Every structure is written in C-alpha cells, then in structure tokens.
Amino acid sequence: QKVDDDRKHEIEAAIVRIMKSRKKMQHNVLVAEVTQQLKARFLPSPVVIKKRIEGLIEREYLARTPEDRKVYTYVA
Amino acid sequence: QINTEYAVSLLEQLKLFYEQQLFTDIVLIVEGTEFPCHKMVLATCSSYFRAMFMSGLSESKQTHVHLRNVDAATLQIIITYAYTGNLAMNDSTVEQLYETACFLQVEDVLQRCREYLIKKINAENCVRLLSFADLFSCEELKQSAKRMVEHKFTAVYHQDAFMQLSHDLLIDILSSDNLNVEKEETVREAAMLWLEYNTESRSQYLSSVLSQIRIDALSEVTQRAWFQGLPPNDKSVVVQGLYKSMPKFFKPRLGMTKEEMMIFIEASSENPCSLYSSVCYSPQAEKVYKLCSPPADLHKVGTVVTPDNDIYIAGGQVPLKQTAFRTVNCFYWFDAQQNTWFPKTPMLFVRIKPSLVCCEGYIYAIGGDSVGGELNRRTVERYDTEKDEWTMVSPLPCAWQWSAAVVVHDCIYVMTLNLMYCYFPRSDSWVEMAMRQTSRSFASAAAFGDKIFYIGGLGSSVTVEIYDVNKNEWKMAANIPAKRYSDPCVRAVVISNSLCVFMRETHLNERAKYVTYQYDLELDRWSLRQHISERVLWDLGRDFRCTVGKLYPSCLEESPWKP
Numbered sequence: 693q694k695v696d697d698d699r700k701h702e703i704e705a706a707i708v709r710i711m712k713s714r715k716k717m718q719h720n721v722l723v724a725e726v727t728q729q730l731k732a733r734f735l736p737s738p739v740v741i742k743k744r745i746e747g748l749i750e751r752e753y754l755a756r757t758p759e760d761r762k763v764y765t766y767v768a
Numbered sequence: 008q009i010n011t012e013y014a015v016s017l018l019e020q021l022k023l024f025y026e027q028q029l030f031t032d033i034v035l036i037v038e039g040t041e042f043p044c045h046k047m048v049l050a051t052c053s054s055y056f057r058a059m060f061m062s063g064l065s066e067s068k069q070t071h072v073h074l075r076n077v078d079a080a081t082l083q084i085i086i087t088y089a090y091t092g093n094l095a096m097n098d099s100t101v102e103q104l105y106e107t108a109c110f111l112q113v114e115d116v117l118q119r120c121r122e123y124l125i126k127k128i129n130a131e132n133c134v135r136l137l138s139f140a141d142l143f144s145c146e147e148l149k150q151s152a153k154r155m156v157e158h159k160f161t162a163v164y165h166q167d168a169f170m171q172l173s174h175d176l177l178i179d180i181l182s183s184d185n186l187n188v189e190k191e192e193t194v195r196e197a198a199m200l201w202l203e204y205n206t207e208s209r210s211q212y213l214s215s216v217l218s219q220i221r222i223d224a225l226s227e228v229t230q231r232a233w234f235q236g237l238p239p240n241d242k243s244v245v246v247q248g249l250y251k252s253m254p255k256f257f258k259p260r261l262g263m264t265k266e267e268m269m270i271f272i273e274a275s276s277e278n279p280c281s282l283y284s285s286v287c288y289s290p291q292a293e294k295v296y297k298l299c300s301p302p303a304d305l306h307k308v309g310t311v312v313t314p315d316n317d318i319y320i321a322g323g324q325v326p327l328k341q342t343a344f345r346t347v348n349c350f351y352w353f354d355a356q357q358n359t360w361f362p363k364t365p366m367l368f369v370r371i372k373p374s375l376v377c378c379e380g381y382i383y384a385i386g387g388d389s390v391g392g393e394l395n396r397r398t399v400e401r402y403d404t405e406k407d408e409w410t411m412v413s414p415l416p417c418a419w420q421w422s423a424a425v426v427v428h429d430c431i432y433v434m435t436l437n438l439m440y441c442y443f444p445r446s447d448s449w450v451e452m453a454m455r456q457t458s459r460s461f462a463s464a465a466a467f468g469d470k471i472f473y474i475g476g477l494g495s496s497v498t499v500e501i502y503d504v505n506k507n508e509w510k511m512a513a514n515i516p517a518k519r520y521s522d523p524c525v526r527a528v529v530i531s532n533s534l535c536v537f538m539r540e541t542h543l544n545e546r547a548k549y550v551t552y553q554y555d556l557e558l559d560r561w562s563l564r565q566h567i568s569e570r571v572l573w574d575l576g577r578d579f580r581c582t583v584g585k586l587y588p589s590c591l592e593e594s595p596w597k598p
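Sequence order for the protein chains is M and J.
For the first sequence, counting from 1, position 60 maps to 752 in the authors' numbering; every step adds exactly one.
According to the authors' numbering, the second sequence holds residues 8 to 328, 341 to 477, 494 to 598 in order.
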C-alpha cells in the first residue's frame, strides 16, 4: 500500500512538472509521454493513471476539463 | 489599336441595357427561370448561340427558347461574364461551370476554368478530376491528372472514386511507366480490389487488366482468390488464365528506382554561364547527377522534404532588372519525374533564407528576414497542402537571425545562437526550452529519432551539442576529428537510419576535399562511412544547402563535367 501511494504521487508530480511546459492532449496523447518517462521506473498501470488524471478536475491548476482538450489551462 | 475607352463605354452601356431590360428580344427559359438577354452578346461569347440563331432553324424567329440540361446559376454567371467580363470562380461550382461551358462551347470561360482546375489539382480530388477530364475531352487536364493521379494515388491508393472508373482509364493508369510505388505488389492488390468491386461487370476486363501487370504476380498468389470470386461453372476464365501468362515478360517499373540521395542547391556553377546551379550526390551510385536550375535562378531559398518525399522551395530573391537583387515571396514545387519546378501559391511576405519544416502535412517557414521588420519581426506562417493556402501561426516570442529549425515529436523546434523554443501545433503556443552553454551560429541541425543534433556553429567548427528532447537537456558528445589549419563546412543530415555528416574541408593552399562520416550514436564517435573522390564531385561553394530525399536516376541526367 505504501509503494502504491508512492507510485500515486510519482505519477502526479511528474504530470504536474512536465505538462506545464508541454502541449495538450485530446484523448490519449500525453499519457504515452508520461508512461515513456516512467518506463524505466515501473509498469504504466493504464487504469490507475487514467483514474487518477481525472481527479484533478475538481479545482484549479490545470483542471483538464473533459470538455476542452484542444488547449489546456497552462496557467498556474 | 482599338480605342479601349470606347470599348469599355460600349460594354458598360450594354451591361446597363441588360440590367434594365431595354433591347432584349430573346429570353432563355431554363427550369422556369426567365433570362432576358440579347442575341449579339450570346453570339460573340458562345459558339453555340451563333449556331442557335444564325442557322435558319425554328428558333431563328422564335422569341422563347427552352434551353434544357443546364443550370440556372451556371447560366446566370455565364451571361453576366458575357455582359461584363467578370468570372467569379469559387472552389465548388467549377465542375458545373465546365459542364455548361462545354455544352455551350464558350472558349474563354473554358480556358479560364481549365486554368483554375490546373491550379486546383491536389490529392483528394485527383481521381475525380481525372474522371472529369475523361468525360469531357481536355488533353491538358488529362495529362496533368495522369501525372498527379499516378504519383499521389500510387502513394495512397485509397480513394473512393477510384472504384467508379472507366476500363480504358484504368488500363492507361496501370500500364503507364510513371507510377510511383516502392513495390510492384501494391498496384497488384489495388487492381484486385478494383476488380472485386463487382463480379460479372469486371470479368471481361479481368483478361485485360492482368495483361498490363508483370507476370511476376500473375503466377503467384491472387490467382486462386479470383477463382473464389469466379462466377460458377465458368470454364472460359480459369483455363484461360492458366495458359495465358506466356507473354508480357517481367519488366521492372520506374517507381522502384528511388534512392536515398543528398540534394544540393545553389552549388558553384560548373560553367560560369549562370551564377549558381543545383547538383545532387549519390551515396550508392557514387556519381553526381545534375538538377534543374531554381526557378528564375532563385537564390537564398530554403528546402524541405516531407515524409511523403516531396520537395518544396519558398522565399528567395531574384536579381532585379554591380549589385541588384529584389526579394520575392514566390513558392514552387519540384516534380520528381518531369525535372521541373511547378509554381504554387505564393506566400504573403518575402523571405531570405527561410527555414522550411514539414509537420502534420503543413509546411512551416520560420523567419527568413521578412520585409515587414515590425514589432512582430518574428512572425512565422504555415502552408496548407490540402487547400493550397497559407495561414499565420503563433509568432516566435524572440526575434532571431540565421536560425535553423527541425521537427521532432510532432512539434517545431527552432534553434538560435543560444536559445530554443518549441512550438505546439495543437495549442498554437511557444514553450521555453533548455539553454545552450555555447554561443554558436550559422549551423544546421538534423532530427534523427527523438534527438536534436546541433552540429557546428560560429568558419564553423567541430563542436557538437546533442539535445535529448525527452530529457530536455543539452549535452556534449565529442568533437569531429578533422585536419589542422582547415575550415570544415559541416552539414547535418539523416541517411540510412543513421546520423551522417557531409563535411567539406579545405587546407592551406589546397583545394576543397569532400568526405562524409558516420557518427556512432552509442559510441559517440564519427566513423568513416565513405570518402567522396574528387574525380566525380567538384567544388560547390559556401552558401549551399543539403537535404535528405529520394530521386529517380532514370529521369535525371548525369552532369558532364571534368573531374
């Protein structure tokens, strides 16, 4: 459980550190990049990352609206 | 000469008469729409109305003619062109415009729409335009469609209109020696899928379509598949094709003659007749094939090779009609077979040494010493290969001079002396990238895989700074082992799935020497791949550019020049 939470923060920190200076995704564009960056770390765990990326929509700092995908909120 | 003032006065008075309906005597009845007009204007414009009125038939004295098999809008635009000379041609109604022009036999509008269609030919309407040119006899359109259809379709072979084509047209297309295919099997399966579009409507053409393809695939697979689709108990086709493939000895096509070659532009004119010329080096044939001169000796231009292996030229300057040069925003496309530069839609602003980069089917020209030079002196603009038009993109935040750009991971990476910015086509924005630790300019970069290799910079040097796109970090690898007291001219390029370098070096009181090296990606070392003998390649100059592309040695000719 502890290492699962470790992976949970490891993916979120990477996605908030990298995607602030990159482009946006439509359906499954940036997930490939985030899995490649963590390819040497552990398994991609597609279901876990898919379930966790959609939890940040509840507030600011790149809410990643399931509506607008063309351009993301590159604001802070 | 004829007084133009009286001519235009007469034309505008006649158009006023047409709008006001004073001297109209004949009315065109088309699908219940009244078209009051005159006989003189119709006779002067169309060659059918001159045979409709001055013929002595029943319509000579009749004042009401029911013109059928025509369109109201097309007739209206033809009449208004005949009355004022303005032909507003859009991108949709040109088909019916040509139909009605051919029906009415009007030469001027026919020529105008023929020119518009010769300009509008592209990939997504190639087969439709070829079918249209087959329906109505038009040799110029037919030939242009032949060439463009051959190339683009043999690249794509997926158009829906290809199924609905006449037998003679397909026989001409398949049997031609201008098809561009990396293999002879894709045309085979294209013919098979076209034949299987019907069952009995194509049986008679089955004996003819196989007569144009080489017998190398007329005895292998895709013969039992036709037997599966054969009509039942038909014994006139199986035994026919069983003993039929005796003639038509296998002859290699022309599309399988593309080789990875280094295209050079603005080379030193062997004979000083012209200021510069264009040549090409053959990494496999070890020869130097000549290339067609740039359009109107267009100097200071940029090159790009799309993933579809297409060459384009943008920007440049022409000597104005001693130093004399004027910059023009003309755009051109190179024909891989006809060995000529076909003009295309010009840009909006003129450029000098533009960086042409292809991405997502769009041609990106970043910078290039624009004539504007305003607040946004860093405005970049993309080109649409589908609509044949140019569209502005997000401007570069910083104004840079003597820069290079590459495309990696579906993004535009433009490099300057020390800064780098990545453009996101999806969001149309620029993001700050890593900063180089060395101030170098007048260099070129080659995109190999997911890495950017900035080679050389300032003559140039052997400094190499490798940028990991995924790790966002600039790092040094090594320095190219060259000669002392020498000025090498480095050229980064990708060839044979490896990063090679075209470096020409010159010693003191010695002529330039040509040699290329293969850089080991894992070993961080430049290995001698091949040495270019001076017996075939002569001096090219300093402002010459190199690019990676494929060309046909058969269509091109060897350059006659002494070693």
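For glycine and all other residues, C-beta sits at the position ideal for the given N, C-alpha and C.
Can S422/J and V433/J be called in contact, C-beta distance under 8 Å? Taking 8 Å as the Cβ cut-off, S422/J and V433/J qualify as a contacting pair.
So if DSSP puts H73/J in a beta bridge, which residue, or which two residues, is it bridged to? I36/J, per the DSSP bridge assignment.
Please list the terminal residues of the continuous beta strand (DSSP E) segment that includes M439/J. Boundaries of the beta strand (DSSP E) around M439/J: 439-443.
Where does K716/M land, buried or exposed, given buried means 16+ other C-beta within 10 angstroms? The C-beta of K716/M has 16 or more other C-beta atoms within 10 Å across all chains shown, which makes the residue buried.
Report yes or no: is there a C-beta of chain M within less than 8 Å of the C-beta of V376/J? Chain M, which has no Cβ nearer than 8 Å to the Cβ of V376/J, makes this no.
Less than 7 Å between C-beta atoms, sequence neighbours within five positions excluded: which residues of the same chain meet that for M454/J? Only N437, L438 meet the Cβ criterion.
Using a Cβ-Cβ cut-off of 6 Å (strictly less than) and excluding sequence neighbours within five positions of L111/J, which residues of its own chain qualify? If we look at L111/J and ignore the five residues flanking it on each side, its Cβ neighbours are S53, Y55.
Within the same chain, show all residues whose beta-carbon is closer than 7 Å to that of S533/J, passing over the 5 residues directly before and after it, in chain order. Here the set comprises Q553.
For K762/M, which residues in chain J fall below 8 Å Cβ to Cβ? Those are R445, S446, listed as they occur along chain J.
My guess is that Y88/J and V116/J are in contact by the Cβ rule of under 8 Å, so how many angstroms apart are they, rounded? Cβ atoms of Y88/J and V116/J come within 8 Å of each other, at about 6 Å.
Using a Cβ cut-off of 8 Å, pull out every chain J residue sitting near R756/M, in sequence order please. None at all; the shortest Cβ gap to chain J is about 13 Å.
When we look at the beta-carbon of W596/J and count the other beta-carbons within 10 Å, is it buried (16 or more) or exposed? So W596/J counts as exposed.
Could you pull the DSSP bridge partners for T310/J from this structure? Its beta-bridge partners are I320/J.
Using beta carbons (cut-off 8 Å, strictly below), is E66/J in contact with chain M? Not flagged as an interface residue toward chain M: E66/J, since no C-beta distance is shorter than 8 Å.
Just to confirm the assignment, what range does the alpha helix (DSSP H) spanning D697/M have? Per DSSP, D697/M belongs to the alpha helix (DSSP H) from 694-710.
If you measure beta-carbon to beta-carbon, which residues of the stretch 285-300 of chain J are closer than 8 Å to chain M? Result list empty, no residue passes.
Pull up the DSSP beta-bridge partners for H542/J, would you. In DSSP, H542/J forms a bridge with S521/J.
Check whether the stretch 226-238 of chain J and the stretch 259-279 of chain J touch, using three or more Cβ-Cβ pairs below 8 Å as the test. The answer is no - the stretch 259-279 of chain J does not touch the stretch 226-238 of chain J, with fewer than three Cβ pairs under 8 Å.
Return the CA-CA distance between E752/M and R709/M, expressed in angstroms with no decimal places. Pairing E752/M with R709/M, the inter-Cα distance amounts to about 15 Å.
Check this for me: beta carbons of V571/J and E266/J, under 8 Å apart or not? Pairing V571/J with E266/J gives a Cβ-Cβ distance that is not under 8 Å.
Given that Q728/M touches chain J, what residues does it touch there, using C-beta distances under 9 Å? The answer, in chain order, is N505.
So is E451/J in contact with chain M if we call contact Cβ pairs under 8 Å? Yes, contact with chain M.
So that I know if they touch, is there some Cβ in chain M lying closer than 8 Å to that of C590/J? It does not; no Cβ of chain M falls within 8 Å.
Could you check whether the Cβ of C417/J sits closer than 8 Å to any Cβ belonging to chain M? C417/J does not count as touching chain M.
Which residue's Cα is closest to the Cα of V425/J: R546/J, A527/J, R445/J, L367/J? By alpha-carbon distance to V425/J, the top candidate from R546/J, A527/J, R445/J, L367/J is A527/J.
On the CB-based measure, 16 or more other CB atoms within 10 Å of its CB, does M511/J come out buried or exposed? With fewer than 16 other CB atoms across the displayed protein chains lying within 10 angstroms of its CB, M511/J is exposed.
Check whether the Cβ atoms of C524/J and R546/J lie closer than 8 Å to each other. Result no, Cβ atoms of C524/J and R546/J do not sit closer than 8 Å.
Judging by CA-CA distance, which residue of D503/J, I84/J, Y283/J is the nearest neighbour of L556/J? The candidate whose alpha carbon is nearest that of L556/J is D503/J.
Should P416/J go down as buried or exposed, given a rule of 16 or more other Cβ atoms within 10 Å for buried? By the neighbour-count rule (16 or more Cβ atoms within 10 Å), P416/J is not buried but exposed.
Measuring alpha carbon to alpha carbon, tell me which residue in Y319/J, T313/J, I9/J, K149/J is nearest residue 484/J. Residue 484/J falls within a stretch that is absent from the model, since chain J runs 477 to 494 with no residues between.
Restricting to runs no shorter than 3 residues, where is the beta strand (DSSP E) found entirely within the stretch 259-311 of chain J? Every beta strand (DSSP E) of 3 residues or more that sits fully in the stretch 259-311 of chain J is shown, in chain order, as 266-275, 283-288, 295-298.
For the stretch 713-726 of chain M, which residues have a CB atom closer than 9 Å to at least one CB atom of chain J, in sequence order? Listed by position, the residues of the stretch 713-726 of chain M near chain J (Cβ gap below 9 Å) are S713, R714, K715, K716, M717, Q718, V721, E725.
Return the Cβ separation of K190/J and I222/J in integer angstroms, given the expectation that the two are a contact with Cβ distance under 8 Å. With 8 Å as the limit, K190/J and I222/J do not qualify as a contact, their Cβ atoms being about 16 Å apart.
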